[PDB]
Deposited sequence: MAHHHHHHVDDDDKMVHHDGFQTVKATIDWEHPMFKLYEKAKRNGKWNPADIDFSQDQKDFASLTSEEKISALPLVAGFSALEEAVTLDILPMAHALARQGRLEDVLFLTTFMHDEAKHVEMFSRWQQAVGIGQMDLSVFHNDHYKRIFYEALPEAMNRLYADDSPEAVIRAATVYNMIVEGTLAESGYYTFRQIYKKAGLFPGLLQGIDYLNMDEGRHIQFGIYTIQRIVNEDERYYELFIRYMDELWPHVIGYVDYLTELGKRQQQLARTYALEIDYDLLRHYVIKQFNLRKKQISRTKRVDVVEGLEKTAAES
């Protein structure tokens, strides 16, 4: 359907818009390139591990490669919905969001190639709870936006994508991987990549907060929706954590990683206010 006119012909970009300012920060701070990371020591590290040590690392990497690929693809309906609503500055910011996710996908796939597991099908480490989130709930919530961009639909999409997938699971996964391999002195290239990724994801969560809060600001009714959609997904979040915990104990303070996930989930709720 047609363009009515163009904001930068009728007027200008809204230079003070929060998402324009976030777009400006993303350009300044978004220069890293996964192609520049030296993975040669990660290759030696992985080869020195015993077979049992080798597969201990793979469930988390399997979870992150799919997470990053899913969020690369599944932000496109959000960008479409906000473009159709004329939210130009959100769209400009989301071009940096999408390109960040492309680099994140690339980083994990380069690591797999470098250490010699690119030919291994890591899907065996996606349990039913993981699939319910990443194969089903995430794409369903985002694709809804092509036919329903109501405030309820936008809140649900931002809740699943930004607050649960990125702000609870990915945030906790970064932390976990850092805890484990930083102390071991292992995989310096991957940890460099994760550091850059974590800096990017700081901006991404601000977009999710902005989006949910501006909708909640219209009607407190929507605060209770946000909380409900968070609680709806929790069983699958903790069900995936329980599965990773059960894998690792079979081959690290798990009670303290499990508590980081609970901490992050509750922190995301506190970043939205009923008013």
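The deposited sequence has C-alpha coordinates everywhere except the stretches 1-15, 267-276, 301-316.
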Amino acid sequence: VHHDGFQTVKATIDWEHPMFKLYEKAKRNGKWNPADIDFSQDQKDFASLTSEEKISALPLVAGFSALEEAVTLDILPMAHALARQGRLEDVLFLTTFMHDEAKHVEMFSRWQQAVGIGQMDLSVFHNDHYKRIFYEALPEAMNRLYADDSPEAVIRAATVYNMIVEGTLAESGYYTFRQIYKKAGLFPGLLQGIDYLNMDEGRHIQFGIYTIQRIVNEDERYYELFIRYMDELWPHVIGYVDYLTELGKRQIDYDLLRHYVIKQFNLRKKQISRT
From here on, numbers count along this sequence of modelled residues.
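When 118-126 is weighed against 86-94, 118-126 comes out higher, by mean CA B-factor as recorded in the entry. On average the C-alpha atoms of 256-264 have higher B-factors than those of the other stretch, with 256-264 and 9-17 being the two compared. The PDB entry gives the largest Cα B-factor of the residues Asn33, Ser51, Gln206, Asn29 to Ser51.
When the Cα B-factors of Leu247, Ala66, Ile37, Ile212 are read from the PDB record, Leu247 comes out highest. Looking at the C-alpha B-factors along this chain, the one for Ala57 belongs to the highest third.
Among all modelled residues in this chain, the alpha-carbon of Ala184 has a temperature factor (C-alpha) in the highest third. When all modelled residues of the chain are sorted by CA temperature factor, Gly202 is found within the middle third. For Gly173, the recorded CA B-factor ranks within the highest third of the chain. Only modelled residues enter the ranking.
Split the chain's modelled residues into thirds by C-alpha temperature factor. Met230 is in the middle one.
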